[PDB]
>>> print(open('entry18.cif').read())   # mmCIF, C-alpha atoms and all ligand atoms; chains and numbers go by the auth columns
data_final
#
loop_
_atom_site.group_PDB
_atom_site.id
_atom_site.type_symbol
_atom_site.label_atom_id
_atom_site.label_comp_id
_atom_site.label_asym_id
_atom_site.label_seq_id
_atom_site.Cartn_x
_atom_site.Cartn_y
_atom_site.Cartn_z
_atom_site.B_iso_or_equiv
_atom_site.auth_seq_id
_atom_site.auth_asym_id
ATOM 1 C CA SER A 1 -29.605 -46.519 31.603 0.00 1 A
ATOM 2 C CA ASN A 2 -32.782 -44.475 31.210 0.00 2 A
ATOM 3 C CA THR A 3 -36.329 -45.809 31.428 0.00 3 A
ATOM 4 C CA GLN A 4 -38.518 -46.176 28.354 0.00 4 A
ATOM 5 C CA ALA A 5 -40.407 -43.055 29.437 0.00 5 A
ATOM 6 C CA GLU A 6 -37.222 -41.018 29.603 0.00 6 A
ATOM 7 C CA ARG A 7 -36.143 -42.516 26.293 0.00 7 A
ATOM 8 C CA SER A 8 -39.489 -41.647 24.797 0.00 8 A
ATOM 9 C CA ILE A 9 -39.161 -37.996 25.771 0.00 9 A
ATOM 10 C CA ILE A 10 -35.598 -37.700 24.485 0.00 10 A
ATOM 11 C CA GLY A 11 -36.905 -39.135 21.218 0.00 11 A
ATOM 12 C CA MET A 12 -39.170 -36.127 20.718 0.00 12 A
ATOM 13 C CA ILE A 13 -36.258 -33.763 21.218 0.00 13 A
ATOM 14 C CA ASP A 14 -34.242 -35.857 18.795 0.00 14 A
ATOM 15 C CA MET A 15 -37.135 -35.717 16.361 0.00 15 A
ATOM 16 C CA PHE A 16 -37.266 -31.946 16.825 0.00 16 A
ATOM 17 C CA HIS A 17 -33.554 -31.584 16.095 0.00 17 A
ATOM 18 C CA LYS A 18 -34.009 -33.571 12.909 0.00 18 A
ATOM 19 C CA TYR A 19 -35.992 -30.727 11.382 0.00 19 A
ATOM 20 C CA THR A 20 -34.623 -27.560 12.924 0.00 20 A
ATOM 21 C CA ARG A 21 -32.571 -24.860 11.206 0.00 21 A
ATOM 22 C CA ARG A 22 -29.431 -23.216 12.572 0.00 22 A
ATOM 23 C CA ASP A 23 -31.580 -21.255 14.999 0.00 23 A
ATOM 24 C CA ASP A 24 -33.039 -24.331 16.728 0.00 24 A
ATOM 25 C CA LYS A 25 -36.383 -23.426 15.127 0.00 25 A
ATOM 26 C CA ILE A 26 -38.428 -25.202 12.434 0.00 26 A
ATOM 27 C CA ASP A 27 -39.583 -23.378 9.304 0.00 27 A
ATOM 28 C CA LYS A 28 -42.998 -23.997 7.769 0.00 28 A
ATOM 29 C CA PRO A 29 -42.187 -26.352 4.875 0.00 29 A
ATOM 30 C CA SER A 30 -40.017 -28.377 7.246 0.00 30 A
ATOM 31 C CA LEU A 31 -42.787 -28.472 9.824 0.00 31 A
ATOM 32 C CA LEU A 32 -45.184 -29.824 7.204 0.00 32 A
ATOM 33 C CA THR A 33 -42.583 -32.394 6.152 0.00 33 A
ATOM 34 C CA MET A 34 -42.153 -33.422 9.765 0.00 34 A
ATOM 35 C CA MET A 35 -45.916 -33.924 10.133 0.00 35 A
ATOM 36 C CA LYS A 36 -46.242 -35.960 6.936 0.00 36 A
ATOM 37 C CA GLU A 37 -43.276 -38.186 7.790 0.00 37 A
ATOM 38 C CA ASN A 38 -44.042 -38.830 11.468 0.00 38 A
ATOM 39 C CA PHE A 39 -47.815 -38.683 11.926 0.00 39 A
ATOM 40 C CA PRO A 40 -49.323 -40.036 8.696 0.00 40 A
ATOM 41 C CA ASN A 41 -52.046 -42.098 10.332 0.00 41 A
ATOM 42 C CA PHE A 42 -53.114 -39.113 12.413 0.00 42 A
ATOM 43 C CA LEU A 43 -53.361 -37.072 9.244 0.00 43 A
ATOM 44 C CA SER A 44 -55.211 -39.710 7.246 0.00 44 A
ATOM 45 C CA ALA A 45 -57.783 -39.638 10.049 0.00 45 A
ATOM 46 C CA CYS A 46 -58.340 -35.897 9.710 0.00 46 A
ATOM 47 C CA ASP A 47 -58.564 -36.054 5.931 0.00 47 A
ATOM 48 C CA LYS A 48 -61.005 -38.936 6.184 0.00 48 A
ATOM 49 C CA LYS A 49 -63.004 -36.725 8.557 0.00 49 A
ATOM 50 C CA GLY A 50 -62.800 -34.183 5.743 0.00 50 A
ATOM 51 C CA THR A 51 -60.224 -32.086 7.556 0.00 51 A
ATOM 52 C CA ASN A 52 -56.881 -31.013 6.159 0.00 52 A
ATOM 53 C CA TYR A 53 -54.881 -30.371 9.314 0.00 53 A
ATOM 54 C CA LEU A 54 -51.823 -29.159 7.405 0.00 54 A
ATOM 55 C CA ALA A 55 -53.590 -26.167 5.864 0.00 55 A
ATOM 56 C CA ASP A 56 -53.401 -24.052 8.991 0.00 56 A
ATOM 57 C CA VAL A 57 -51.486 -25.938 11.678 0.00 57 A
ATOM 58 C CA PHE A 58 -48.430 -23.775 11.181 0.00 58 A
ATOM 59 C CA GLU A 59 -50.544 -20.635 11.457 0.00 59 A
ATOM 60 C CA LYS A 60 -52.191 -21.904 14.613 0.00 60 A
ATOM 61 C CA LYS A 61 -49.003 -23.073 16.327 0.00 61 A
ATOM 62 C CA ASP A 62 -46.806 -20.065 15.530 0.00 62 A
ATOM 63 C CA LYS A 63 -48.269 -18.252 18.534 0.00 63 A
ATOM 64 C CA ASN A 64 -45.742 -15.424 18.394 0.00 64 A
ATOM 65 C CA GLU A 65 -45.946 -15.032 14.590 0.00 65 A
ATOM 66 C CA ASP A 66 -42.191 -15.154 14.022 0.00 66 A
ATOM 67 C CA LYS A 67 -42.769 -17.514 11.079 0.00 67 A
ATOM 68 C CA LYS A 68 -40.847 -20.159 13.032 0.00 68 A
ATOM 69 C CA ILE A 69 -41.810 -23.053 15.303 0.00 69 A
ATOM 70 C CA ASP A 70 -39.702 -23.128 18.493 0.00 70 A
ATOM 71 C CA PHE A 71 -39.546 -26.015 20.984 0.00 71 A
ATOM 72 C CA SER A 72 -42.358 -24.670 23.158 0.00 72 A
ATOM 73 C CA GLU A 73 -44.668 -24.120 20.194 0.00 73 A
ATOM 74 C CA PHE A 74 -43.520 -27.597 19.142 0.00 74 A
ATOM 75 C CA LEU A 75 -44.467 -29.014 22.548 0.00 75 A
ATOM 76 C CA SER A 76 -47.975 -27.605 22.153 0.00 76 A
ATOM 77 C CA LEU A 77 -48.398 -29.172 18.718 0.00 77 A
ATOM 78 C CA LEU A 78 -47.534 -32.595 20.099 0.00 78 A
ATOM 79 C CA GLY A 79 -49.896 -31.772 22.947 0.00 79 A
ATOM 80 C CA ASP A 80 -52.830 -31.431 20.598 0.00 80 A
ATOM 81 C CA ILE A 81 -51.986 -34.724 18.957 0.00 81 A
ATOM 82 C CA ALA A 82 -51.568 -36.679 22.184 0.00 82 A
ATOM 83 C CA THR A 83 -54.834 -35.173 23.293 0.00 83 A
ATOM 84 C CA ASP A 84 -56.694 -36.399 20.242 0.00 84 A
ATOM 85 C CA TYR A 85 -55.473 -39.913 20.832 0.00 85 A
ATOM 86 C CA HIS A 86 -56.552 -39.661 24.453 0.00 86 A
ATOM 87 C CA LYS A 87 -60.119 -38.759 23.570 0.00 87 A
ATOM 88 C CA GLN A 88 -59.986 -41.652 21.127 0.00 88 A
ATOM 89 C CA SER A 89 -59.128 -44.090 23.925 0.00 89 A
ATOM 90 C CA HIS A 90 -62.368 -43.102 25.637 0.00 90 A
ATOM 91 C CA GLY A 91 -64.319 -43.865 22.482 0.00 91 A
ATOM 92 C CA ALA A 92 -64.260 -40.457 20.748 0.00 92 A
ATOM 93 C CA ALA A 93 -63.496 -40.178 17.047 0.00 93 A
ATOM 94 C CA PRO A 94 -60.046 -39.352 15.714 0.00 94 A
ATOM 95 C CA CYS A 95 -59.696 -35.684 14.733 0.00 95 A
ATOM 96 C CA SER A 96 -62.365 -34.365 17.101 0.00 96 A
ATOM 97 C CA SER B 1 -48.920 -49.022 10.465 0.00 1 B
ATOM 98 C CA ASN B 2 -47.621 -46.702 13.178 0.00 2 B
ATOM 99 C CA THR B 3 -44.478 -44.582 13.060 0.00 3 B
ATOM 100 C CA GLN B 4 -41.980 -44.467 15.908 0.00 4 B
ATOM 101 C CA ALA B 5 -43.466 -41.045 16.625 0.00 5 B
ATOM 102 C CA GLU B 6 -47.082 -42.154 16.843 0.00 6 B
ATOM 103 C CA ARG B 7 -46.353 -45.205 18.980 0.00 7 B
ATOM 104 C CA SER B 8 -44.299 -43.032 21.307 0.00 8 B
ATOM 105 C CA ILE B 9 -47.338 -40.807 21.800 0.00 9 B
ATOM 106 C CA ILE B 10 -49.701 -43.716 22.355 0.00 10 B
ATOM 107 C CA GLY B 11 -47.203 -44.981 24.910 0.00 11 B
ATOM 108 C CA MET B 12 -47.495 -41.746 26.879 0.00 12 B
ATOM 109 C CA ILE B 13 -51.229 -42.310 27.018 0.00 13 B
ATOM 110 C CA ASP B 14 -50.716 -45.882 28.120 0.00 14 B
ATOM 111 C CA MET B 15 -48.325 -44.770 30.828 0.00 15 B
ATOM 112 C CA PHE B 16 -50.916 -42.226 31.933 0.00 16 B
ATOM 113 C CA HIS B 17 -53.761 -44.696 32.421 0.00 17 B
ATOM 114 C CA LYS B 18 -51.460 -46.984 34.406 0.00 18 B
ATOM 115 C CA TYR B 19 -51.888 -44.668 37.358 0.00 19 B
ATOM 116 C CA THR B 20 -55.546 -43.764 37.034 0.00 20 B
ATOM 117 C CA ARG B 21 -56.917 -46.765 38.883 0.00 21 B
ATOM 118 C CA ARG B 22 -60.406 -47.281 37.441 0.00 22 B
ATOM 119 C CA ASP B 23 -61.145 -43.655 36.643 0.00 23 B
ATOM 120 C CA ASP B 24 -59.604 -41.006 34.376 0.00 24 B
ATOM 121 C CA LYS B 25 -57.440 -39.011 36.761 0.00 25 B
ATOM 122 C CA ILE B 26 -54.335 -39.375 38.918 0.00 26 B
ATOM 123 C CA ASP B 27 -54.234 -38.821 42.668 0.00 27 B
ATOM 124 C CA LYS B 28 -51.182 -37.375 44.408 0.00 28 B
ATOM 125 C CA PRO B 29 -49.668 -40.618 45.722 0.00 29 B
ATOM 126 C CA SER B 30 -50.234 -42.259 42.348 0.00 30 B
ATOM 127 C CA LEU B 31 -48.485 -39.384 40.595 0.00 31 B
ATOM 128 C CA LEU B 32 -45.467 -39.534 42.889 0.00 32 B
ATOM 129 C CA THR B 33 -45.287 -43.245 42.168 0.00 33 B
ATOM 130 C CA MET B 34 -45.525 -42.638 38.444 0.00 34 B
ATOM 131 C CA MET B 35 -42.668 -40.154 38.768 0.00 35 B
ATOM 132 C CA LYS B 36 -40.416 -42.508 40.707 0.00 36 B
ATOM 133 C CA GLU B 37 -40.959 -45.481 38.381 0.00 37 B
ATOM 134 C CA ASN B 38 -40.669 -43.580 35.106 0.00 38 B
ATOM 135 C CA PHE B 39 -38.368 -40.615 35.732 0.00 39 B
ATOM 136 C CA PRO B 40 -35.752 -41.879 38.191 0.00 40 B
ATOM 137 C CA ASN B 41 -32.769 -40.314 36.486 0.00 41 B
ATOM 138 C CA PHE B 42 -34.444 -36.933 36.095 0.00 42 B
ATOM 139 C CA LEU B 43 -35.226 -37.310 39.766 0.00 43 B
ATOM 140 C CA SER B 44 -31.711 -38.240 40.865 0.00 44 B
ATOM 141 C CA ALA B 45 -30.353 -35.423 38.708 0.00 45 B
ATOM 142 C CA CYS B 46 -32.614 -33.121 40.664 0.00 46 B
ATOM 143 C CA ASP B 47 -31.568 -34.484 44.026 0.00 47 B
ATOM 144 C CA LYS B 48 -27.908 -34.208 43.130 0.00 48 B
ATOM 145 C CA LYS B 49 -28.422 -30.496 42.493 0.00 49 B
ATOM 146 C CA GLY B 50 -30.071 -30.439 45.908 0.00 50 B
ATOM 147 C CA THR B 51 -33.618 -30.160 44.577 0.00 51 B
ATOM 148 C CA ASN B 52 -36.405 -32.560 45.508 0.00 52 B
ATOM 149 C CA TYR B 53 -38.805 -32.211 42.590 0.00 53 B
ATOM 150 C CA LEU B 54 -41.445 -34.379 44.259 0.00 54 B
ATOM 151 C CA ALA B 55 -41.938 -31.877 47.067 0.00 55 B
ATOM 152 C CA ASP B 56 -44.485 -29.740 45.227 0.00 56 B
ATOM 153 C CA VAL B 57 -44.856 -31.188 41.757 0.00 57 B
ATOM 154 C CA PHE B 58 -48.395 -32.319 42.501 0.00 58 B
ATOM 155 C CA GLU B 59 -49.271 -28.937 43.926 0.00 59 B
ATOM 156 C CA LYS B 60 -47.605 -27.087 41.050 0.00 60 B
ATOM 157 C CA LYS B 61 -49.480 -29.080 38.433 0.00 61 B
ATOM 158 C CA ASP B 62 -52.972 -29.416 39.875 0.00 62 B
ATOM 159 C CA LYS B 63 -53.871 -26.112 38.227 0.00 63 B
ATOM 160 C CA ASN B 64 -57.562 -26.375 39.053 0.00 64 B
ATOM 161 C CA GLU B 65 -56.862 -27.619 42.585 0.00 65 B
ATOM 162 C CA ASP B 66 -59.274 -30.540 42.269 0.00 66 B
ATOM 163 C CA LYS B 67 -56.475 -32.502 43.940 0.00 67 B
ATOM 164 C CA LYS B 68 -56.233 -34.767 40.931 0.00 68 B
ATOM 165 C CA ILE B 69 -54.143 -34.603 37.751 0.00 69 B
ATOM 166 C CA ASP B 70 -56.204 -34.936 34.565 0.00 70 B
ATOM 167 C CA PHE B 71 -54.646 -35.712 31.185 0.00 71 B
ATOM 168 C CA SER B 72 -54.106 -32.048 30.399 0.00 72 B
ATOM 169 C CA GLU B 73 -52.311 -31.332 33.668 0.00 73 B
ATOM 170 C CA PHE B 74 -50.235 -34.441 32.923 0.00 74 B
ATOM 171 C CA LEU B 75 -49.151 -33.180 29.483 0.00 75 B
ATOM 172 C CA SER B 76 -47.984 -30.001 31.204 0.00 76 B
ATOM 173 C CA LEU B 77 -45.884 -32.024 33.627 0.00 77 B
ATOM 174 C CA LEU B 78 -44.255 -33.900 30.769 0.00 78 B
ATOM 175 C CA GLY B 79 -43.717 -30.538 29.108 0.00 79 B
ATOM 176 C CA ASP B 80 -41.592 -29.350 32.025 0.00 80 B
ATOM 177 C CA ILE B 81 -39.534 -32.502 31.713 0.00 81 B
ATOM 178 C CA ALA B 82 -39.228 -32.413 27.929 0.00 82 B
ATOM 179 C CA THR B 83 -38.170 -28.822 28.300 0.00 83 B
ATOM 180 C CA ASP B 84 -35.463 -29.754 30.758 0.00 84 B
ATOM 181 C CA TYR B 85 -34.061 -32.388 28.465 0.00 85 B
ATOM 182 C CA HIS B 86 -34.188 -29.971 25.550 0.00 86 B
ATOM 183 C CA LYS B 87 -31.873 -27.593 27.348 0.00 87 B
ATOM 184 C CA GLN B 88 -29.552 -30.448 28.308 0.00 88 B
ATOM 185 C CA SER B 89 -29.118 -31.067 24.580 0.00 89 B
ATOM 186 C CA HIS B 90 -27.768 -27.527 24.394 0.00 90 B
ATOM 187 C CA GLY B 91 -25.233 -28.313 27.102 0.00 91 B
ATOM 188 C CA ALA B 92 -26.946 -27.120 30.297 0.00 92 B
ATOM 189 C CA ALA B 93 -27.315 -29.282 33.392 0.00 93 B
ATOM 190 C CA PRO B 94 -30.232 -31.528 34.305 0.00 94 B
ATOM 191 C CA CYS B 95 -32.892 -30.089 36.622 0.00 95 B
ATOM 192 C CA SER B 96 -32.370 -26.352 36.144 0.00 96 B
HETATM 193 CA CA CA C . -43.039 -18.891 16.470 0.00 101 A
HETATM 194 CA CA CA C . -56.544 -30.962 38.878 0.00 102 A
HETATM 195 ZN ZN ZN C . -32.727 -27.398 20.173 0.00 103 A
#
>>> encode(input="entry18.cif", output="structure tokens", more="lines below")
Ligand SMILES: [Ca+2]
Ligand SMILES: [Ca+2]
Ligand SMILES: [Zn+2]
Amino acid sequence: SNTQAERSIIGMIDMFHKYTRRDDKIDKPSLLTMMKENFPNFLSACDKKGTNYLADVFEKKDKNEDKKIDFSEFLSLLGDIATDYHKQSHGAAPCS
Amino acid sequence: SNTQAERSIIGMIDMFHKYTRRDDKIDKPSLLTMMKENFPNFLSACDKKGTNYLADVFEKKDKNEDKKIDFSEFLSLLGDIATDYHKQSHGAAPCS
């Protein structure tokens, strides 16, 4: 058996593979769907802060402008989210 | 309420702080410990291939050489792991 940590990481890959296309990449409307379905509290925090994260996230995370989100671009996206929570845990405000 | 996804992220942050002692960063011995307790299979997989990941992980990831791993350096570490497991999902062997 694998530790929780290991399990947790595999989960993200499983999550990824729930929204990818044949090419192992996620298109924009799917990426938005993914966001809405899996990080709603995060989003509600940005909108309450007056920020609509979904408006440009795709545009900011598609670093190579291939109109697709690959796993690495995907990793970065999660990175930004984790990061916001971290700052939160040291007091900081959500979406900051 | 929190999705599986959100909780999983918060968990990573919790795991992180477990090894920070009273401050906000992880020393080398603490990181190695974190690795052994939370990624044993990834580790064994590495050893089986004849690779001891622990040998330079700290050195590889302390990008700013302050001889501590801050949350950002940490996320990069977990990226390398996540990335390995991604590839495994496409067949490939652990620790490659
Ligand atoms: Ca892209
Ligand atoms: Ca450092
Ligand atoms: Zn894939």
>>> interface_residues(input="entry18.cif", of="chain B", to="chain A", cutoff="8 Å", atoms="all atoms listed in the file", output="PyMOL selection string")
chain B and resi 1-6+8-10+12-13+38-41+71-72+75+79+82-83+85-86
>>> resolve_selection(input="entry18.cif", expression="the PyMOL selection byres (((not hetatm)) within 8 of (chain A and resi 101))", output="ChimeraX atom specification")
/A:61-70,73
>>> resolve_selection(input="entry18.cif", expression="the PyMOL selection byres (((chain B and resi 29) around 12) and not hetatm)", output="JSON, numbers by chain")
{"B": [19, 20, 21, 25, 26, 27, 28, 30, 31, 32, 33, 34, 35, 36, 54, 55, 57, 58, 59, 67, 68, 69]}
>>> closest_residue(input="entry18.cif", among="B:60, B:23, B:43, B:18", to="ligand CA 102 (chain A)", atoms="only C-alpha atoms and all ligand atoms")
B:60
>>> resolve_selection(input="entry18.cif", expression="the PyMOL selection byres (((chain B and resi 96) around 9) and not hetatm)", output="PyMOL selection string")
chain B and resi 46+49+84+87+92-95
>>> axis_aligned_box(input="entry18.cif", around="region 33-41 of chain A", padding_each_side="4 Å", output="AutoDock Vina command-line options")
--center_x -47.1 --center_y -37.2 --center_z 9.0 --size_x 17.9 --size_y 17.7 --size_z 13.8
>>> atom_distance(input="entry18.cif", atom1="CA of residue 91 (chain B)", atom2="CA of residue 44 (chain B)")
18.2 Å
>>> closest_residue(input="entry18.cif", among="A:22, A:88, A:51, A:77", to="ligand ZN 103 (chain A)", atoms="only C-alpha atoms and all ligand atoms")
A:22
